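Notes follow once the structure below has been shown.
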Amino acid sequence: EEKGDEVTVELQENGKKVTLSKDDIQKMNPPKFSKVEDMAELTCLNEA
Amino acid sequence: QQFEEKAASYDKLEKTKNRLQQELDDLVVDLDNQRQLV
Amino acid sequence: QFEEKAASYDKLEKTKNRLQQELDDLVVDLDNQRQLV
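Here's what the structure looks like:
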């Protein structure tokens, strides 16, 4: 759901609703990279 | 009053998100360098 | 203090505009990737 500054998300394991702000979230990378050697190639560089 | 300064703290968290946005800018200029390699 | 809210907003819209610029130039770069393939 897209509304305000928060999104109600779906748990990929439970399929349950959880509301969290859009500005306190972190994304991932496409499966074209796996088992990297240095974290430099982490093009979407975030701590998660 | 002073609570808007906490709204400014939220704005500074969004400014860190902005810093992530210039990280994406580094990403896209890296892809520009890649297309220069092409 | 209250005056810097306006500047903070204005830089936020500036960043957003550069965000759509980044999106469109990235799509253009995807098209360049297709033509280089």
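Protein chains in written order, with the authors' numbering: chain A, 51 to 98; chain G, 1412 to 1449; chain H, 1413 to 1449.
Built from N, CA and C at the ideal position, the CB exists for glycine as well.
Own chain residues within Cβ distance below 6 Å of A:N64, not counting five before or after:
Closer than 6 Å at Cβ, skipping near neighbours: no residue.
Taking a Cβ distance cut-off of 7 Å, strictly less, list which residues of the segment 62–78 of chain A are near chain G, in chain order.
So the close ones are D73.
One question on the structure: do H:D1441 and G:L1424 come within less than 9 Å of each other, judged by their Cβ atoms?
No, the Cβ-Cβ distance between H:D1441 and G:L1424 is not below 9 Å.
Who are H:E1416's beta bridge partners in DSSP?
In DSSP, H:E1416 forms no bridge with anything.
Kindly list, in the order they appear in chain A, the residues whose Cβ is closer than 8 Å to that of G:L1438.
Within 8 Å Cβ-Cβ: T93, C94.
When we look at the beta-carbon of G:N1444 and count the other beta-carbons within 10 Å, is it buried (16 or more) or exposed?
G:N1444 comes out exposed.
Can you tell me which residues form a DSSP beta bridge with H:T1427?
Note: H:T1427 is not bridge-paired with any residue in the DSSP secondary-structure output.
Quick one: measure Cβ to Cβ for G:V1449 and H:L1448, integer angstroms, because I've assumed they're closer than 8 Å.
Sure, about 5 Å apart at Cβ, within 8 Å.
Reduced DSSP secondary structure (H/G/I, E/B, other) of G:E1434:
If DSSP states are grouped into helix, strand and coil, G:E1434 belongs with the helices.
Helix, strand or coil: which one does DSSP assign to A:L61?
In the structure shown, A:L61 falls within a coil segment according to DSSP collapsed to helix, strand and coil.
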